[PDB]
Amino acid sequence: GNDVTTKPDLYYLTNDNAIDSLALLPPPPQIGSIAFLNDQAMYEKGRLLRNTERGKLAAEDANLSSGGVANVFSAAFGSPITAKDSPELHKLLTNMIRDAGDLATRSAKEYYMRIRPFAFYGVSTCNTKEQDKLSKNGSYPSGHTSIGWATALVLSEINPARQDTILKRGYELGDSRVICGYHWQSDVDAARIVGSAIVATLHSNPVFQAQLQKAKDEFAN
């Protein structure tokens, strides 16, 4: 598939530099297991939240295309993350979006092809724009949640004064996917492990290293 050699505005890494998610992760819970009972309970708990303030935030979080995940950390980061206001940071975060969303997750997604909750239950997610495509995908692990958690780790390295609010925010992104029906709870749980892994790999990459330094200097100035 696509990697740094075919769309370099969205990947830093090659196909060999990528994590083998299929070898690292445990299999998802199978129907019949206690763990999958818990996935079902968590889907219902999330559903009852869709009609609250927390559900509205969940739907806004599931709107984000790739390019707007950076943006949604602004309140937690302490200042706006935009091509205009913090361009070197925005460029860094846009270039790692596909390493975490796609490369870290590809081998597992395609092997298990887990059905997503809205398809399992034959009902709509909490914003239906964002479904028609993802439906065909494998639910396990979440490429979303992997992106969001990796982003929060990088941002935490850049502004530790707010790590606790940055990190909670990243955690809440995964919860939003559960509330909205896009993923099972265990999809998000495994996505955060591959998120940490892909952050380490990025810290071994020279292009990433340079861009990260530029972003730290932007933040210091």
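Just count from 1 along the sequence shown to find any residue number.
Annotation for 149-157 versus 65-73: the higher mean temperature factor (C-alpha) is found in 65-73.
In this entry, 191-199 has the higher mean Cα B-factor, the comparison being between 191-199 and 35-43. In the PDB entry, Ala58 places in the middle third of its chain by CA B-factor. When all modelled residues of the chain are sorted by CA temperature factor, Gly101 is found within the highest third. In the PDB entry, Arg116 places in the lowest third of its chain by CA B-factor.
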